[PDB]
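Here we start with a single chain on its own, the form deposited in one PDB entry, put down as structure tokens.
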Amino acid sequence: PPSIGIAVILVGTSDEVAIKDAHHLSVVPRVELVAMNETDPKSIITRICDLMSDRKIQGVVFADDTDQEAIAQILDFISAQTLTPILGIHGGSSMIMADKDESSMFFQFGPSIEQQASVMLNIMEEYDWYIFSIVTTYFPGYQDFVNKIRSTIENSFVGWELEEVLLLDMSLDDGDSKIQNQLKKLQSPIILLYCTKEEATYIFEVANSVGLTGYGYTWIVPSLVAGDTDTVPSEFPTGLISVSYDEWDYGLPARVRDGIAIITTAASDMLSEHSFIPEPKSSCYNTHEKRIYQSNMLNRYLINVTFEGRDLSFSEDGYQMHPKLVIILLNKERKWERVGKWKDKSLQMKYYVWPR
């Protein structure tokens, strides 16, 4: 059986040996571990383009150890421009990007925005926290977050009361104390926050100045705010709750395994029905002329892969279908602590009553 090239790109400390260890079809992967040091736009673009011009790369599996959600945005850009499958399986690369490009072949391990928002309301209903407000920035997704909440609420015979929705503009400086004045309008005991880790750092610092972090106020954030759970900004308030896919039961070795399998299975499935797979672009410099020769046809297979009898399928929107999510709680030692699973559209919490 013929070989397809798959680049596995690892940013930051990682055990390559344990990775190369976790790793029947019409086609057979030639895997290629590349390490990378930097995660700026140029470094990432140049690295992947150089790979694509040396070897014949059918697909890219990408993992990093940063909290940089921008990595996902860069990868989606690269994927759409070169029409190359990229899986962001860990780190900033997996931090949800809303509104991927029409031509994107970029898929991310982890929950959609809407699913996290659904989980967050389930947590609230469990502890009968029905009164709440929303804070977001303009970070892409924030509309999808607010809309998901609103339409769940609106269609429920439960006494939800959404009191305030704040939109915070952090593209401008805060020397007029705007964000402080907006935050001082919050009364609700539960506050849902959608933004980036770095944004939340600042927002929490301000909320604290105004007496909103302590007892009587519970903040709930999505995976990308907690980010890497071994990095905990000092401004994060004790008692913070988060939905998380940071890396609990689904280790990097296993993720890279499933990533390689998804790309390999998808290609095999296409070769089997059409007697070709798309040819690896040999240049980023040339993508403007060679464009009528390229498509995102591989997508339709990328999203319907079963491997080892594990359903690994993606949504069309490019996120994982049935992720097991871990609900975590920032405790007095300022360590993140497991306090819940979200499994089979079912929430299973540790505590019936919250200790302090």
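In this text, the rigid core denotes the largest set of C-alpha atoms whose superposition between the two forms falls within 1.5 Å. Shifts are known only where both forms have a C-alpha. Quick note: we count residues from 1 along the sequence shown, nothing fancier.
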item	value
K335 not built in a third or more of the other entries	no
Coordinates absent for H23 in a third or more of other entries	yes
Gap size, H24 back to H23 (deposited sequence, no coordinates)	4 to 9
Stretch with the greater mean C-alpha B-factor as recorded in the entry, comparing 194-202 against 239-247	239-247
Which of 45-53 and 302-310 has higher mean CA B factor, as the PDB entry lists it	302-310
Highest recorded Cα temperature factor - choice among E69, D65, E32, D40	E32
Candidate residues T231, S177, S103, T137, the one whose C-alpha B factor the record puts highest	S177
B-factor third for the C-alpha atom of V61 within its chain	lowest
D76 - Cα temperature factor, lowest/middle/highest third of chain	lowest
Entry-reported Cα temperature factor of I19, expressed as the chain third it lands in	highest
Record-listed C-alpha B factor of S275: chain third	highest
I123 by Cα B-factor - lowest, middle or highest third of the modelled chain	middle
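The form deposited in another entry is left out here; the points below concern that form.
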| item | value |
| --- | --- |
| C-alpha displacement of 2 Å or more between the shown form and the other one on the rigid core, among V146, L83, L252, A266 | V146 |
| Taking the rigid core as reference, consecutive runs of 3 or more residues that move 2 angstroms or more in Cα between the shown form and the other one | 116-170, 183-208, 212-231, 234-243, 287-289, 292-296, 327-330, 333-349 |
